[PDB]
Number of protein chains: 4
Amino acid sequence: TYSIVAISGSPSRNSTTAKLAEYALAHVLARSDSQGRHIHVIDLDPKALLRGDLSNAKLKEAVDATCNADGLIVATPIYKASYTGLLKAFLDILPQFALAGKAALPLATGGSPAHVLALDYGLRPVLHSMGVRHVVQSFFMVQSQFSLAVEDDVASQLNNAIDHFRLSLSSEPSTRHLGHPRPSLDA
Amino acid sequence: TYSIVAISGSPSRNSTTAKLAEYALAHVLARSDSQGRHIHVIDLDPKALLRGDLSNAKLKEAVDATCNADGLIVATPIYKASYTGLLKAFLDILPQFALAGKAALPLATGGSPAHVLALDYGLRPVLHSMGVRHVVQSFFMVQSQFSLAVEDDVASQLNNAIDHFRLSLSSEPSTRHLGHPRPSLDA
Amino acid sequence: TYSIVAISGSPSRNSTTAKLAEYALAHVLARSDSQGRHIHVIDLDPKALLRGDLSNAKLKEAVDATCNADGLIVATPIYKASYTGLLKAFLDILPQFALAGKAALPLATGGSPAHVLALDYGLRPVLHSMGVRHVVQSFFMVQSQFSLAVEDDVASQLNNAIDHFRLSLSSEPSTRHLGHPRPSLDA
Amino acid sequence: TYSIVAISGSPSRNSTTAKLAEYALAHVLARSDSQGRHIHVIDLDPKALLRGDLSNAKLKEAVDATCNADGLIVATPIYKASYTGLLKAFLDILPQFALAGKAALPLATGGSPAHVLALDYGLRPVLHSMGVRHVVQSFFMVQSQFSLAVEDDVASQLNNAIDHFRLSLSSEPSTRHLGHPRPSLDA
């Protein structure tokens, strides 16, 4: 029994990014012994989020759920050649090595295929600052393609990424600190 | 007569980052025909900021001042191996090529010298997505050093960065679109 | 029975980088059912390397050994804020998705702790272009520290990285294509 | 009278990259009081290049010409999500702050538009490690487009980049050390 948490960071309502994250979350749960939740950063209290105010219950619950996950699905539109400020603001309040022991799947969408590398150059180093155990391949989609009613090659790549994410999930308590530079100092 | 705008993105009160940005802003104004302002992103309305709501007067004023600047001083603490979510959230609402024609100076502080490269690998590509004209060298300082009552070599580097930023400033209207991939499509 | 290959890319003789890679290679072999080899890129034929000339036996053997490895240890000094040209020249001649199915451990050394992030921002995206299955945490060491006669905290971090690398190794043929965007199109 | 040096780093003969660099070099010289040269890294002695052997006359001449340039045009195909090993190998042997005082124009080509960000995330931080004065916007072209017999919008972007590069060139001896963190310690 795995706990899977998706975090999507578009600041727009009805975002393609959120739909991609949800798709991925469903795909994983359909194929593994998992329960899940989907944190839409846009639905968190803006003031409490920016100030890291964990007296806000819903923010503290989102942080706790992230720290308790076995796998994270981390999704963002590409803004100014990187992940959104909104997504990063959430990542910023997590504990220093919040991602110790965890698998992760980076997802993004954007207007142009030019944005593909923002995940691997931008988001990936941020996940690794937090002691993450295993980040699988990035997947990026051009926004006017998500409909899955998508091109067969694109669909394969996405599904393969999600498959790998699911396969990387760990039951074993022995792995719970892996990725942390100093496992005995918690995680 | 130049317009210089500092933007500092620490989510903490009494931030060293803000003091560094202010120092830099003062240093420039003392040595050039300039006026300045300092946008502390933490003082912007969190809800309006995250949603890009320009019906908020103070947010629209911050955006307008940024678009009207000849030079920007862009300062952030390093969180999770990059600039803060708070800073990026502000950068996110600016027009696509908001930085056309403008000079820029990236500044950061952090707990460890290990964070030095976050500016050049993280922030610099973001500034360049926005058509920026000229980004000079990055300067990073270890937080327990800012007192300027700082080490002589560190002080030289910082002052040299600010000097170069000032020297890069442009009077000429001929440069106002430089850095934009398609200058005739505005800036 | 795993095949572990270290690739070290210093252009200097008697390099600390090579000693770090060798240490790591030995540490892994002492704790797993593994055999290993260590490709010193400096010992490859420069002309054949730069031109990707696989009629050179020793170069073809190095490429084959890399493609056949279950785990790679990838070590470089930090030059001009990134991995060396020498290392990259070798990575450049490998097949497009050469790293499919493979685990990887990024190691570096440098003169200053300022260089720590070159691994995660520079090398890591390059490994991921090649379909790599699992890259664990980066380890960086300040060159005047390697003697292991090193500081206890540094030694822990290094050993933990190597431990995690060893633990990430896969026996299963089911994982041999994982990390490749399209597994049925080989690896 | 400016000295402009192009450095192209494709390991292939008849490279599109070299043709793009040459185009850019010609465009600049036609519009400014400049002389130029074009270092094709592939034509340097591989052994001497990899070992930084400046007893090789042609390598020392290439290094000297780079250090003496007012502007550099730096061109590479995108291999494994970054600049080539061949290009970096040349950059590696230059003095620590070789690029002090100099303007620079990053150019690349690749098979897919997905590679656009490799310049700004990969090459740009490397140029800045060397004290570069002013790096203008990156330009990337999809290889099956260079013929200039190219699409009008693409042609505009390229020409605008080169124009900006030319405009950024400095006559003044006062700028010869700008970009160096400590100008009085040479350049």
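Computed over heavy atoms, backbone and side chain alike; hydrogens, waters and symmetry mates excluded. Naming convention: chains lettered A, B, ... in sequence-line order (proteins, then strands); numbering from 1 in each chain.
The structure places CG of A:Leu49 at 9.0 Å from CG of A:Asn56, a figure rounded to the nearest 0.5 Å. To the nearest 0.5 Å, the span separating CZ on A:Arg176 from CG on A:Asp186 amounts to 8.5 Å. A distance of 7.0 Å separates CG in A:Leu91 from CG in A:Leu127, rounded to the nearest 0.5 Å. Between A:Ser8 atom OG and A:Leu87 atom CG the span is 9.0 Å, to the nearest 0.5 Å. Expressed to the nearest 0.5 Å, how far OG1 of B:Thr16 lies from CD of B:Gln143 amounts to 4.5 Å. Taking CG from B:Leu158 and CG from B:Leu107, the interatomic distance works out to 7.0 Å, rounded to the nearest 0.5 Å.
Below 30°, between 30° and 60°, or above 60°: for A:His27 and A:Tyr23 the angle between ring planes is between 30° and 60°, a tilted geometry. Taking the six-membered ring where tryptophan is involved, the planes of B:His180 and B:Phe97 are tilted, since the angle between them lies from 30° to 60°.
With contacts defined as side-chain heavy-atom distances shorter than 4.5 Å, the pair B:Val28/B:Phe165 qualifies. Counting only heavy atoms from C-beta outward, the side chains of A:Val63 and A:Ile93 approach each other to under 4.5 Å. Put simply, the side chain of A:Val74 does not reach to within 4.5 Å of the side chain of A:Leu105, judged on heavy atoms. The closest side-chain heavy-atom distance from A:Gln96 to A:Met130 is not below 4.5 Å. You'll find the side chain of B:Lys47 stays beyond 4.5 Å of the side chain of B:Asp53, heavy atoms only. C:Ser82 is not listed as a side-chain neighbour of D:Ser129, based on a closest heavy-atom distance of 4.5 Å or more. Counting heavy atoms from C-beta outward, A:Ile4 and A:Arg166 have side chains that stay 4.5 Å or more apart. Contact check for B:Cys67 versus B:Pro95: side-chain heavy atoms found under the 4.5 Å cut-off.
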Check: Can you list the steps and then say if C:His164 with C:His134 is a ring pair (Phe, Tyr, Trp, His ring centres under 6.0 Å)?
Finding: CA-CA 11 Å; C:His164 189 186; C:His134 189 174; 5.5 Å; yes
Check: Do B:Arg51 and B:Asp45 pass the salt bridge (charged side-chain N to carboxylate O under 4.0 Å, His left out) test, and can you show the C-alpha distance, the side-chain angles, and the key distance before you say yes or no?
Finding: CA-CA 10 Å; B:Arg51 312 188 189 181; B:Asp45 184 275; over 6 Å; no
Next item on the list: Just do the side chain to side chain contact (heavy atoms under 4.5 Å, CB included) check on A:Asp43 and A:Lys58 with the steps written out, would you?
Entry: CA-CA 9 Å; A:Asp43 293 328; A:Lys58 186 185 190 181; 4.0 Å; yes
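Close placement of the B:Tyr83 and A:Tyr83 rings is indicated, their centers lying within 6.0 Å of each other. For A:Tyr79 and B:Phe90, the gap between ring centers reaches or exceeds 6.0 Å.
C:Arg133 places no side-chain N or O within 3.5 Å of a backbone atom of C:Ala104 that could act as its donor or acceptor partner. Between the side chain of A:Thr175 and the backbone N or O of A:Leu178, no donor-acceptor pair lies under 3.5 Å. Under the 3.5 Å distance criterion, the side-chain polar atoms of A:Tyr121 are matched with a main-chain donor or acceptor of D:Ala81. B:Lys80 places a side-chain N or O within 3.5 Å of a backbone atom of A:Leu94 that can act as its donor or acceptor partner. For A:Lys102 (side chain) and A:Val135 (main-chain N/O), no donor-acceptor pair under 3.5 Å exists by modelled atom type. No donor-acceptor pair under 3.5 Å is formed between the side chain of A:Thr84 and the backbone N or O of A:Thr76. Side-chain atoms of B:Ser12 never come within 3.5 Å of backbone atoms of B:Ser15 as a donor-acceptor pair (strictly under, hydrogens ignored).
Under 4.0 Å is where a charged nitrogen must lie from a carboxylate oxygen, and between A:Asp92 and B:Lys88 no such pair does.
The two residues B:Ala108 and B:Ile78 come nearest to each other via the heavy atoms CB-CD1, 3.7 Å. Among all heavy-atom pairs drawn from D:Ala118 and A:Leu117, the shortest one is N-CD1, 3.9 Å. Nearest approach of A:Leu86 to A:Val41, heavy atoms of both residues: O-CG1, 3.4 Å. Heavy atoms only, all atoms of each residue included: C:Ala161 and C:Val136 are closest at O-CG2, 4.0 Å. Nearest heavy atoms, B:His38 versus B:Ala18: CE1-O, 3.4 Å. The heavy-atom pair separating A:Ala65 from A:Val5 by the smallest distance is O-CG2, 3.6 Å.
Counted by atom type alone, A:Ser10 and A:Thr17 present zero donor-acceptor pairs between their side chains at under 3.5 Å. Side-chain atoms of A:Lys19 and A:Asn14 form a donor-acceptor pair, as typed in the model, at a separation below 3.5 Å. No side-chain N or O of A:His128 forms a donor-acceptor pair with one of C:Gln137 less than 3.5 Å apart. Using a 3.5 Å distance cut-off with no hydrogens or angles, the side chains of B:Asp70 and B:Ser3 do not pair a donor with an acceptor. A donor atom on one side chain and an acceptor atom on the other are found under 3.5 Å apart for B:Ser138 and B:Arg124.
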